[PDB]
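Structure below is model.cif: mmCIF, C-alpha atoms.
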data_final
loop_
_atom_site.group_PDB
_atom_site.id
_atom_site.type_symbol
_atom_site.label_atom_id
_atom_site.label_comp_id
_atom_site.auth_asym_id
_atom_site.auth_seq_id
_atom_site.Cartn_x
_atom_site.Cartn_y
_atom_site.Cartn_z
ATOM 1 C CA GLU V 1 102.143 86.200 91.911
ATOM 2 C CA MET V 2 99.285 88.557 92.708
ATOM 3 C CA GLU V 3 98.801 88.854 88.947
ATOM 4 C CA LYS V 4 98.271 85.113 88.551
ATOM 5 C CA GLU V 5 95.712 85.167 91.340
ATOM 6 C CA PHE V 6 94.120 88.232 89.760
ATOM 7 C CA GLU V 7 93.617 86.514 86.400
ATOM 8 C CA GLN V 8 92.474 83.358 88.183
ATOM 9 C CA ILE V 9 89.869 85.263 90.203
ATOM 10 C CA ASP V 10 88.900 87.361 87.198
ATOM 11 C CA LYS V 11 88.462 84.342 84.916
ATOM 12 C CA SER V 12 86.259 82.513 87.421
ATOM 13 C CA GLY V 13 84.508 85.765 88.281
ATOM 14 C CA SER V 14 84.847 85.069 91.993
ATOM 15 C CA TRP V 15 85.626 88.542 93.328
ATOM 16 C CA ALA V 16 82.379 88.579 95.307
ATOM 17 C CA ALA V 17 83.200 85.231 96.925
ATOM 18 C CA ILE V 18 86.804 86.217 97.644
ATOM 19 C CA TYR V 19 85.625 89.498 99.142
ATOM 20 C CA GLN V 20 82.958 87.767 101.223
ATOM 21 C CA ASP V 21 85.586 85.367 102.552
ATOM 22 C CA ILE V 22 87.551 88.359 103.783
ATOM 23 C CA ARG V 23 84.462 89.722 105.535
ATOM 24 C CA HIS V 24 83.890 86.360 107.230
ATOM 25 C CA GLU V 25 87.496 85.994 108.408
ATOM 26 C CA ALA V 26 87.778 89.644 109.477
ATOM 27 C CA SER V 27 88.567 90.444 113.118
ATOM 28 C CA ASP V 28 85.854 91.467 115.554
ATOM 29 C CA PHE V 29 86.812 93.481 118.618
ATOM 30 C CA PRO V 30 84.625 95.531 120.958
ATOM 31 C CA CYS V 31 83.728 99.173 120.310
ATOM 32 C CA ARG V 32 82.301 99.920 123.756
ATOM 33 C CA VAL V 33 83.401 103.554 123.920
ATOM 34 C CA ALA V 34 82.035 104.360 120.459
ATOM 35 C CA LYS V 35 78.680 102.915 121.533
ATOM 36 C CA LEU V 36 78.379 104.878 124.780
ATOM 37 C CA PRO V 37 75.199 107.032 124.801
ATOM 38 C CA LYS V 38 77.230 110.225 125.219
ATOM 39 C CA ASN V 39 79.076 109.539 121.954
ATOM 40 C CA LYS V 40 76.005 108.989 119.810
ATOM 41 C CA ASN V 41 76.374 112.377 118.099
ATOM 42 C CA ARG V 42 80.091 111.771 117.477
ATOM 43 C CA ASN V 43 79.432 108.898 115.074
ATOM 44 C CA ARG V 44 78.322 109.535 111.498
ATOM 45 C CA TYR V 45 77.295 105.930 110.855
ATOM 46 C CA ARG V 46 75.702 103.519 113.316
ATOM 47 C CA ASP V 47 77.502 100.545 111.782
ATOM 48 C CA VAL V 48 81.010 102.019 111.543
ATOM 49 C CA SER V 49 82.881 102.397 114.810
ATOM 50 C CA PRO V 50 86.524 102.288 115.890
ATOM 51 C CA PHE V 51 87.613 99.282 117.968
ATOM 52 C CA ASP V 52 88.473 100.233 121.537
ATOM 53 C CA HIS V 53 91.981 98.782 121.296
ATOM 54 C CA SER V 54 93.039 100.929 118.341
ATOM 55 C CA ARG V 55 90.893 104.051 118.670
ATOM 56 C CA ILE V 56 92.575 107.439 118.744
ATOM 57 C CA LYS V 57 92.030 109.154 122.067
ATOM 58 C CA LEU V 58 91.756 112.935 122.154
ATOM 59 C CA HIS V 59 94.062 114.470 124.780
ATOM 60 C CA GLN V 60 91.209 116.105 126.673
ATOM 61 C CA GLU V 61 89.555 115.254 129.991
ATOM 62 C CA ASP V 62 85.946 116.014 129.047
ATOM 63 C CA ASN V 63 85.437 113.361 126.356
ATOM 64 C CA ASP V 64 88.373 111.761 124.520
ATOM 65 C CA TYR V 65 86.245 110.032 121.894
ATOM 66 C CA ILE V 66 86.515 110.486 118.146
ATOM 67 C CA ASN V 67 85.571 107.997 115.447
ATOM 68 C CA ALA V 68 89.153 107.367 114.327
ATOM 69 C CA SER V 69 91.433 104.315 114.351
ATOM 70 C CA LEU V 70 95.207 103.924 114.299
ATOM 71 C CA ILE V 71 96.203 101.353 111.679
ATOM 72 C CA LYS V 72 99.737 100.378 112.688
ATOM 73 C CA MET V 73 101.421 98.241 110.053
ATOM 74 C CA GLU V 74 104.360 96.720 111.914
ATOM 75 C CA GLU V 75 106.042 94.860 109.053
ATOM 76 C CA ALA V 76 105.489 97.705 106.573
ATOM 77 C CA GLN V 77 106.663 100.229 109.174
ATOM 78 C CA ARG V 78 103.911 102.745 108.401
ATOM 79 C CA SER V 79 100.890 103.954 110.364
ATOM 80 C CA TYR V 80 97.681 105.610 109.199
ATOM 81 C CA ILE V 81 94.824 107.161 111.096
ATOM 82 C CA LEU V 82 91.522 106.344 109.396
ATOM 83 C CA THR V 83 88.538 108.397 110.447
ATOM 84 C CA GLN V 84 85.020 109.306 109.310
ATOM 85 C CA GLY V 85 84.233 112.541 107.518
ATOM 86 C CA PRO V 86 84.004 115.139 110.348
ATOM 87 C CA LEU V 87 80.518 116.010 111.606
ATOM 88 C CA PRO V 88 79.425 119.624 112.230
ATOM 89 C CA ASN V 89 80.164 119.056 115.935
ATOM 90 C CA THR V 90 83.399 117.066 115.578
ATOM 91 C CA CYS V 91 85.486 119.393 113.401
ATOM 92 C CA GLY V 92 87.292 120.755 116.450
ATOM 93 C CA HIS V 93 87.895 117.168 117.602
ATOM 94 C CA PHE V 94 89.239 116.300 114.149
ATOM 95 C CA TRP V 95 91.832 119.074 114.174
ATOM 96 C CA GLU V 96 92.645 118.410 117.821
ATOM 97 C CA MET V 97 93.542 114.875 116.734
ATOM 98 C CA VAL V 98 95.650 116.124 113.829
ATOM 99 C CA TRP V 99 97.499 118.392 116.248
ATOM 100 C CA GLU V 100 98.015 115.875 119.050
ATOM 101 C CA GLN V 101 98.994 113.075 116.668
ATOM 102 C CA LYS V 102 101.480 115.370 114.902
ATOM 103 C CA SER V 103 100.117 114.539 111.461
ATOM 104 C CA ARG V 104 101.571 116.452 108.511
ATOM 105 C CA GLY V 105 98.942 115.429 105.989
ATOM 106 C CA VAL V 106 95.212 114.812 105.657
ATOM 107 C CA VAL V 107 93.937 112.684 102.778
ATOM 108 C CA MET V 108 90.295 113.252 101.850
ATOM 109 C CA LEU V 109 88.879 110.778 99.334
ATOM 110 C CA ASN V 110 85.279 112.020 99.204
ATOM 111 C CA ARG V 111 83.450 115.207 98.276
ATOM 112 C CA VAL V 112 81.371 117.130 100.822
ATOM 113 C CA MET V 113 78.263 116.212 98.850
ATOM 114 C CA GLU V 114 77.901 112.907 97.035
ATOM 115 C CA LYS V 115 74.792 111.351 95.523
ATOM 116 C CA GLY V 116 72.890 114.471 96.557
ATOM 117 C CA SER V 117 73.633 113.977 100.253
ATOM 118 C CA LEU V 118 76.104 115.526 102.708
ATOM 119 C CA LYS V 119 78.907 113.068 103.459
ATOM 120 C CA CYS V 120 81.219 115.373 105.359
ATOM 121 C CA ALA V 121 81.268 118.748 107.079
ATOM 122 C CA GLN V 122 83.195 121.642 105.493
ATOM 123 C CA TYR V 123 85.978 121.296 108.054
ATOM 124 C CA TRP V 124 88.653 123.405 106.318
ATOM 125 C CA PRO V 125 88.592 127.016 105.006
ATOM 126 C CA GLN V 126 87.895 127.514 101.299
ATOM 127 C CA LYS V 127 89.179 131.100 101.193
ATOM 128 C CA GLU V 128 92.448 132.516 102.519
ATOM 129 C CA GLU V 129 90.762 135.560 104.067
ATOM 130 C CA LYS V 130 88.182 133.378 105.837
ATOM 131 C CA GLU V 131 90.093 131.403 108.458
ATOM 132 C CA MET V 132 88.296 129.011 110.799
ATOM 133 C CA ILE V 133 88.419 128.937 114.587
ATOM 134 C CA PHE V 134 87.338 125.893 116.569
ATOM 135 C CA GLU V 135 86.502 127.320 119.976
ATOM 136 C CA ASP V 136 85.930 123.976 121.668
ATOM 137 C CA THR V 137 89.476 122.755 120.953
ATOM 138 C CA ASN V 138 91.027 126.232 120.777
ATOM 139 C CA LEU V 139 92.534 125.824 117.303
ATOM 140 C CA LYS V 140 92.784 128.163 114.322
ATOM 141 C CA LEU V 141 92.932 126.972 110.730
ATOM 142 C CA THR V 142 93.935 129.111 107.756
ATOM 143 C CA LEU V 143 94.077 128.252 104.061
ATOM 144 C CA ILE V 144 97.522 129.316 102.806
ATOM 145 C CA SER V 145 97.236 128.197 99.200
ATOM 146 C CA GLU V 146 95.796 125.533 96.953
ATOM 147 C CA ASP V 147 96.816 123.740 93.789
ATOM 148 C CA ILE V 148 93.767 122.580 91.854
ATOM 149 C CA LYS V 149 94.115 119.702 89.398
ATOM 150 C CA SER V 150 91.463 118.092 87.202
ATOM 151 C CA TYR V 151 90.540 115.403 89.724
ATOM 152 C CA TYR V 152 92.278 116.414 92.957
ATOM 153 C CA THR V 153 93.317 119.497 94.891
ATOM 154 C CA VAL V 154 96.256 119.996 97.241
ATOM 155 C CA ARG V 155 95.890 122.666 99.905
ATOM 156 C CA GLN V 156 98.484 124.096 102.242
ATOM 157 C CA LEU V 157 96.899 124.898 105.590
ATOM 158 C CA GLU V 158 98.256 126.483 108.753
ATOM 159 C CA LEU V 159 96.952 124.938 111.957
ATOM 160 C CA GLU V 160 97.570 126.944 115.118
ATOM 161 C CA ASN V 161 97.267 125.894 118.738
ATOM 162 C CA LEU V 162 95.782 129.132 120.098
ATOM 163 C CA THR V 163 96.808 128.136 123.614
ATOM 164 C CA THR V 164 100.542 127.987 122.886
ATOM 165 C CA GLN V 165 100.393 129.950 119.640
ATOM 166 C CA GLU V 166 102.444 127.183 118.037
ATOM 167 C CA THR V 167 101.677 126.707 114.343
ATOM 168 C CA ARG V 168 102.086 123.846 111.894
ATOM 169 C CA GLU V 169 101.733 123.412 108.161
ATOM 170 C CA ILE V 170 99.193 120.762 107.202
ATOM 171 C CA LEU V 171 98.854 119.476 103.641
ATOM 172 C CA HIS V 172 95.334 118.555 102.527
ATOM 173 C CA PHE V 173 95.131 116.113 99.610
ATOM 174 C CA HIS V 174 91.607 116.087 98.262
ATOM 175 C CA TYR V 175 90.671 113.405 95.723
ATOM 176 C CA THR V 176 87.522 114.833 94.126
ATOM 177 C CA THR V 177 86.558 112.223 91.515
ATOM 178 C CA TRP V 178 86.284 108.991 93.537
ATOM 179 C CA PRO V 179 82.628 107.817 93.763
ATOM 180 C CA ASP V 180 81.168 106.779 97.112
ATOM 181 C CA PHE V 181 81.257 102.957 97.181
ATOM 182 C CA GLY V 182 83.099 103.151 93.877
ATOM 183 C CA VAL V 183 86.596 102.975 92.427
ATOM 184 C CA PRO V 184 88.959 105.559 90.879
ATOM 185 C CA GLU V 185 88.799 106.208 87.128
ATOM 186 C CA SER V 186 91.956 104.158 86.594
ATOM 187 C CA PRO V 187 94.936 102.778 88.501
ATOM 188 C CA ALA V 188 96.951 105.608 86.936
ATOM 189 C CA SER V 189 95.000 108.515 88.421
ATOM 190 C CA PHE V 190 94.914 106.746 91.782
ATOM 191 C CA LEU V 191 98.645 105.983 91.761
ATOM 192 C CA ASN V 192 99.454 109.481 90.564
ATOM 193 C CA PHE V 193 97.537 110.776 93.604
ATOM 194 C CA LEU V 194 99.124 108.336 96.081
ATOM 195 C CA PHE V 195 102.624 109.257 94.960
ATOM 196 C CA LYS V 196 101.747 112.938 95.157
ATOM 197 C CA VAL V 197 100.943 112.315 98.830
ATOM 198 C CA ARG V 198 104.108 110.268 99.285
ATOM 199 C CA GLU V 199 106.332 112.932 97.724
ATOM 200 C CA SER V 200 104.968 115.512 100.170
ATOM 201 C CA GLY V 201 106.479 113.662 103.128
ATOM 202 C CA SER V 202 103.048 113.242 104.743
ATOM 203 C CA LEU V 203 103.470 109.445 104.957
ATOM 204 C CA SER V 204 107.022 109.716 106.297
ATOM 205 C CA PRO V 205 108.109 108.339 109.719
ATOM 206 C CA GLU V 206 109.408 111.728 110.886
ATOM 207 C CA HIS V 207 105.786 112.885 111.087
ATOM 208 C CA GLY V 208 102.766 111.553 112.924
ATOM 209 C CA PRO V 209 100.395 109.178 111.070
ATOM 210 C CA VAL V 210 98.729 110.638 107.999
ATOM 211 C CA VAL V 211 95.003 111.134 108.553
ATOM 212 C CA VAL V 212 92.898 109.442 105.876
ATOM 213 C CA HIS V 213 89.149 109.693 105.483
ATOM 214 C CA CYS V 214 86.193 109.433 103.154
ATOM 215 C CA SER V 215 82.642 109.503 104.514
ATOM 216 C CA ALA V 216 82.789 106.463 106.824
ATOM 217 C CA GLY V 217 86.580 106.101 106.733
ATOM 218 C CA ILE V 218 86.675 102.451 105.650
ATOM 219 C CA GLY V 219 85.943 102.022 101.927
ATOM 220 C CA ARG V 220 87.956 104.417 99.795
ATOM 221 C CA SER V 221 90.168 105.076 102.832
ATOM 222 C CA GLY V 222 90.872 101.362 103.134
ATOM 223 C CA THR V 223 91.671 101.095 99.438
ATOM 224 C CA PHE V 224 94.145 103.976 99.713
ATOM 225 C CA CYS V 225 95.955 102.498 102.705
ATOM 226 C CA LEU V 226 95.934 98.921 101.431
ATOM 227 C CA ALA V 227 97.559 99.927 98.138
ATOM 228 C CA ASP V 228 100.160 102.047 99.894
ATOM 229 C CA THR V 229 101.111 99.368 102.410
ATOM 230 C CA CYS V 230 101.363 96.632 99.770
ATOM 231 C CA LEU V 231 103.637 98.811 97.645
ATOM 232 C CA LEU V 232 105.776 99.659 100.671
ATOM 233 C CA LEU V 233 106.133 95.973 101.618
ATOM 234 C CA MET V 234 107.081 95.102 98.052
ATOM 235 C CA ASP V 235 109.544 98.004 98.075
ATOM 236 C CA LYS V 236 111.232 96.930 101.315
ATOM 237 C CA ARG V 237 111.979 93.462 99.959
ATOM 238 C CA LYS V 238 111.935 94.130 96.207
ATOM 239 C CA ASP V 239 109.853 90.950 96.126
ATOM 240 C CA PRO V 240 106.372 91.419 94.579
ATOM 241 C CA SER V 241 105.549 87.724 94.939
ATOM 242 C CA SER V 242 106.020 87.946 98.708
ATOM 243 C CA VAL V 243 103.091 90.364 99.102
ATOM 244 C CA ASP V 244 99.738 88.747 99.934
ATOM 245 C CA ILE V 245 97.166 91.514 99.437
ATOM 246 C CA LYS V 246 94.349 89.617 101.164
ATOM 247 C CA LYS V 247 96.504 88.907 104.214
ATOM 248 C CA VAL V 248 97.573 92.543 104.321
ATOM 249 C CA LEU V 249 93.920 93.606 104.207
ATOM 250 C CA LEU V 250 93.016 91.179 106.989
ATOM 251 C CA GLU V 251 95.915 92.587 109.023
ATOM 252 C CA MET V 252 94.586 96.115 108.524
ATOM 253 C CA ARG V 253 91.100 94.988 109.555
ATOM 254 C CA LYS V 254 92.452 94.103 113.003
ATOM 255 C CA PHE V 255 92.662 97.889 113.493
ATOM 256 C CA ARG V 256 89.436 99.155 111.906
ATOM 257 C CA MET V 257 86.363 97.280 110.706
ATOM 258 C CA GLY V 258 85.117 97.017 107.135
ATOM 259 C CA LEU V 259 88.204 98.300 105.317
ATOM 260 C CA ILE V 260 87.373 97.994 101.607
ATOM 261 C CA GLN V 261 83.569 98.107 101.239
ATOM 262 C CA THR V 262 82.995 96.348 97.905
ATOM 263 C CA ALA V 263 84.419 93.484 95.880
ATOM 264 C CA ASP V 264 85.169 95.971 93.112
ATOM 265 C CA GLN V 265 87.241 98.119 95.479
ATOM 266 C CA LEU V 266 89.182 94.950 96.319
ATOM 267 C CA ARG V 267 89.692 94.201 92.640
ATOM 268 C CA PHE V 268 90.809 97.785 92.080
ATOM 269 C CA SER V 269 93.263 97.411 94.966
ATOM 270 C CA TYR V 270 94.883 94.508 93.122
ATOM 271 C CA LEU V 271 95.077 96.581 89.941
ATOM 272 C CA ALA V 272 96.685 99.518 91.733
ATOM 273 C CA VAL V 273 99.324 97.371 93.422
ATOM 274 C CA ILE V 274 100.079 95.401 90.247
ATOM 275 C CA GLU V 275 100.536 98.584 88.208
ATOM 276 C CA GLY V 276 102.366 100.330 91.048
ATOM 277 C CA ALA V 277 104.749 97.380 91.157
ATOM 278 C CA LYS V 278 106.283 98.600 87.879
ATOM 279 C CA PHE V 279 107.557 101.767 89.560
ATOM 280 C CA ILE V 280 108.698 99.953 92.703
ATOM 281 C CA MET V 281 110.649 97.410 90.666
ATOM 282 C CA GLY V 282 112.776 99.975 88.834
ATOM 283 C CA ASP V 283 110.728 101.581 86.056
ATOM 284 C CA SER V 284 110.768 105.196 87.223
ATOM 285 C CA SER V 285 109.382 106.413 83.890
ATOM 286 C CA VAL V 286 106.001 104.864 84.701
ATOM 287 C CA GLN V 287 105.412 107.677 87.209
ATOM 288 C CA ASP V 288 105.450 110.246 84.403
ATOM 289 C CA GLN V 289 103.156 107.942 82.447
ATOM 290 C CA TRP V 290 100.579 107.894 85.245
ATOM 291 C CA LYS V 291 100.707 111.673 85.475
ATOM 292 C CA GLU V 292 100.041 111.937 81.741
ATOM 293 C CA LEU V 293 97.316 109.281 81.716
ATOM 294 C CA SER V 294 95.667 111.056 84.652
ATOM 295 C CA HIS V 295 95.297 114.325 82.716
ATOM 296 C CA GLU V 296 95.546 116.327 85.943
ATOM 297 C CA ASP V 297 95.985 119.700 84.227
ATOM 298 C CA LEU V 298 93.144 122.281 84.285
#
Give the structure from the file, written as structure tokens.
Amino acid sequence: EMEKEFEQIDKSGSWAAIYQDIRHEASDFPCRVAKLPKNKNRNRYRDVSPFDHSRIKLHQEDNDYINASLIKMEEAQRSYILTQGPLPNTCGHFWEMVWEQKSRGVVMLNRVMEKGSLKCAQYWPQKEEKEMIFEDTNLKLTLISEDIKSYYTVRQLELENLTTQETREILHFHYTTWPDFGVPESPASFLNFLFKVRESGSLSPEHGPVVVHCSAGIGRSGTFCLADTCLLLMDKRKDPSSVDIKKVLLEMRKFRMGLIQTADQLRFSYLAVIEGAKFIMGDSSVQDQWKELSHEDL
């Protein structure tokens, strides 16, 4: 039981050691493309790069590089694209990726400004009448509507390929109260948010991989994906005890480095999955409970 391990780790206060063990056992693959001189201004952080084997390639001849990784969870049967918060010069690239990968949703777990510093470019329109056009990738983005909650906002966007004039509806799920290098306010608010994303169909197999990002695309983004995958695995077998969170995390780290940046984010991941297990195992009412406990209204 993940709960037994949780109490065992909690009692001995060994989260730091457990987390460090994961870092030590984590995969290490080359990131040659990310490190090419020409891509220097396409990376937000020097120490966070996508592995060559799992990087998302832009469908363009000039330069197909973008700091984004495809996390393909074979057993769980779900894929996620984790990427860094778009830079002022990579916003066109970001939307090009969303278009080419056929993503239906974008999950943003950070705020544009955190700790008094800019962690992400304003890559989506904030006002309906002020659409955005990315000339480099020939894409147009328009805000259609938004639903603001106390700690998260859901926006309906229309992305248009100006070359073919084809358009697609993209859902933007913005978690606005998750501290950089921190954890959500409670498993409830986090789970409420995850299921909001799930209910939208953005994580569904009929669509391309959901795009998930924070500032570097590994900490909060990793926590989000780890929790989701663990719950999906548990759901497929209806066997909570069969899910090994640490092994799932190590599996995800074969696709992108540093997923889950702190021992506390790891601990939170356990909490989210344990609590989420109640819903998965048949207690549908718990979903309404999370919504209430999250106080999303206002």
Check: Between V:225, V:76, V:257, V:133, which is the closest to residue 52 of chain V once you count all atoms listed in the file?
Finding: V:257
Next item on the list: May I have the residues within 12 Å of residue 249 of chain V as an MDAnalysis selection string, using all atoms listed in the file and disregarding those fewer than 4 positions away in the same chain?
Entry: chainID V and resid 19 21:23 25:27 71 73 218:219 222:230 243:245 253:261 265:266 269:270
Please report, as lines of an AutoDock Vina configuration file, the centre and edge lengths in Å to one decimal of an axis-aligned box covering all listed atoms of segment 276-285 of chain V with 5 Å per side.
center_x = 107.6
center_y = 101.9
center_z = 88.3
size_x = 20.4
size_y = 19.0
size_z = 18.8
Once the PyMOL selection byres ((chain V and resi 49) around 12) has been evaluated on this model, what residues remain selected, and can you format them as a tab-separated table (two decimals) with C-alpha atoms, keeping the file's coordinate frame?
chain	number	residue	atom	x	y	z
V	28	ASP	CA	85.85	91.47	115.55
V	29	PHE	CA	86.81	93.48	118.62
V	30	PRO	CA	84.62	95.53	120.96
V	31	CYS	CA	83.73	99.17	120.31
V	32	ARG	CA	82.30	99.92	123.76
V	33	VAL	CA	83.40	103.55	123.92
V	34	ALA	CA	82.04	104.36	120.46
V	35	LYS	CA	78.68	102.92	121.53
V	36	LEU	CA	78.38	104.88	124.78
V	39	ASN	CA	79.08	109.54	121.95
V	40	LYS	CA	76.00	108.99	119.81
V	42	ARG	CA	80.09	111.77	117.48
V	43	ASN	CA	79.43	108.90	115.07
V	44	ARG	CA	78.32	109.54	111.50
V	45	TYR	CA	77.30	105.93	110.86
V	46	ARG	CA	75.70	103.52	113.32
V	47	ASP	CA	77.50	100.54	111.78
V	48	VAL	CA	81.01	102.02	111.54
V	50	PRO	CA	86.52	102.29	115.89
V	51	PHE	CA	87.61	99.28	117.97
V	52	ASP	CA	88.47	100.23	121.54
V	53	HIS	CA	91.98	98.78	121.30
V	54	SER	CA	93.04	100.93	118.34
V	55	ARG	CA	90.89	104.05	118.67
V	56	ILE	CA	92.58	107.44	118.74
V	65	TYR	CA	86.24	110.03	121.89
V	66	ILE	CA	86.52	110.49	118.15
V	67	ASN	CA	85.57	108.00	115.45
V	68	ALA	CA	89.15	107.37	114.33
V	69	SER	CA	91.43	104.32	114.35
V	82	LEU	CA	91.52	106.34	109.40
V	83	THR	CA	88.54	108.40	110.45
V	84	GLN	CA	85.02	109.31	109.31
V	216	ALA	CA	82.79	106.46	106.82
V	217	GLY	CA	86.58	106.10	106.73
V	218	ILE	CA	86.68	102.45	105.65
V	255	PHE	CA	92.66	97.89	113.49
V	256	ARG	CA	89.44	99.16	111.91
V	257	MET	CA	86.36	97.28	110.71
V	258	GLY	CA	85.12	97.02	107.14
V	259	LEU	CA	88.20	98.30	105.32
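Between atom CA of residue 57 of chain V and atom CA of residue 248 of chain V there is a distance of 24.9 Å.
Rounded to one decimal, atom CA of residue 214 of chain V and atom CA of residue 144 of chain V lie 22.9 Å from each other.
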Check: Do you have the atom CA of residue 152 of chain V-atom CA of residue 174 of chain V distance handy?
Finding: 5.4 Å
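The environment of residue 16 of chain V within 9 Å, counting all atoms listed in the file and disregarding residues fewer than 4 places along the same chain, consists of residues 20, 21, 262, 263 and 264 of chain V.
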Checklist line | Shell of 12 Å around segment 284-288 of chain V, all atoms listed in the file, local chain residues under 2 positions omitted, as a list in words | finding: residues 187, 188, 189, 190, 191, 192, 193, 194, 195, 196, 199, 275, 276, 277, 278, 279, 280, 281, 282, 290, 291, 292, 293, 294, 295 and 296 of chain V
Item checked: Close residues, residue 126 of chain V itself excluded, 12 Å, all atoms listed in the file, min 6 positions apart in chain, as a ChimeraX atom specification -> /V:132,141-146,153-157,172
Next item on the list: Can you pull out every residue within 8 Å of residue 159 of chain V, counting only C-alpha atoms, but drop anything in the same chain fewer than 4 positions away, and send it as a list in words?
Entry: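 Selected residues are residues 99, 139, 140, 141, 142, 167, 168, 169 and 170 of chain V.
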I need the residue set behind the PyMOL selection byres ((chain V and resi 135) around 12) for this file; please write it as an mmCIF file with C-alpha atoms, in the coordinates of the input.
data_model
loop_
_atom_site.group_PDB
_atom_site.id
_atom_site.type_symbol
_atom_site.label_atom_id
_atom_site.label_comp_id
_atom_site.auth_asym_id
_atom_site.auth_seq_id
_atom_site.Cartn_x
_atom_site.Cartn_y
_atom_site.Cartn_z
ATOM 1 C CA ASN V 89 80.164 119.056 115.935
ATOM 2 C CA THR V 90 83.399 117.066 115.578
ATOM 3 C CA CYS V 91 85.486 119.393 113.401
ATOM 4 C CA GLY V 92 87.292 120.755 116.450
ATOM 5 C CA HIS V 93 87.895 117.168 117.602
ATOM 6 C CA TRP V 95 91.832 119.074 114.174
ATOM 7 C CA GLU V 96 92.645 118.410 117.821
ATOM 8 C CA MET V 132 88.296 129.011 110.799
ATOM 9 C CA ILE V 133 88.419 128.937 114.587
ATOM 10 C CA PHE V 134 87.338 125.893 116.569
ATOM 11 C CA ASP V 136 85.930 123.976 121.668
ATOM 12 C CA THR V 137 89.476 122.755 120.953
ATOM 13 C CA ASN V 138 91.027 126.232 120.777
ATOM 14 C CA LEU V 139 92.534 125.824 117.303
ATOM 15 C CA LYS V 140 92.784 128.163 114.322
ATOM 16 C CA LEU V 141 92.932 126.972 110.730
ATOM 17 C CA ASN V 161 97.267 125.894 118.738
ATOM 18 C CA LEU V 162 95.782 129.132 120.098
ATOM 19 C CA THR V 163 96.808 128.136 123.614
#
Please report, as a tab-separated table, each residue of segment 127-245 of chain V lying at most 6 Å from segment 106-120 of chain V, together with the nearest pair of atoms and the separation in Å rounded to one decimal; use all atoms listed in the file, and order rows by chain and ascending residue number.
residue	atom	partner	partner_atom	distance
V:172	CA	V:106	CA	4.9
V:173	CA	V:107	CA	4.8
V:174	CA	V:108	CA	4.8
V:175	CA	V:109	CA	4.8
V:176	CA	V:111	CA	5.8
V:210	CA	V:106	CA	5.9
V:211	CA	V:106	CA	4.7
V:212	CA	V:107	CA	4.6
V:213	CA	V:108	CA	5.2
V:214	CA	V:110	CA	4.8
V:215	CA	V:119	CA	5.3
Notebook entry, point to check: Of the residues V:11, V:104, V:4, V:78, which is the one nearest to residue 231 of chain V, using all atoms listed in the file?
Noted result: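 Of V:11, V:104, V:4, V:78, the one nearest residue 231 of chain V, counting all atoms listed in the file, is V:78.
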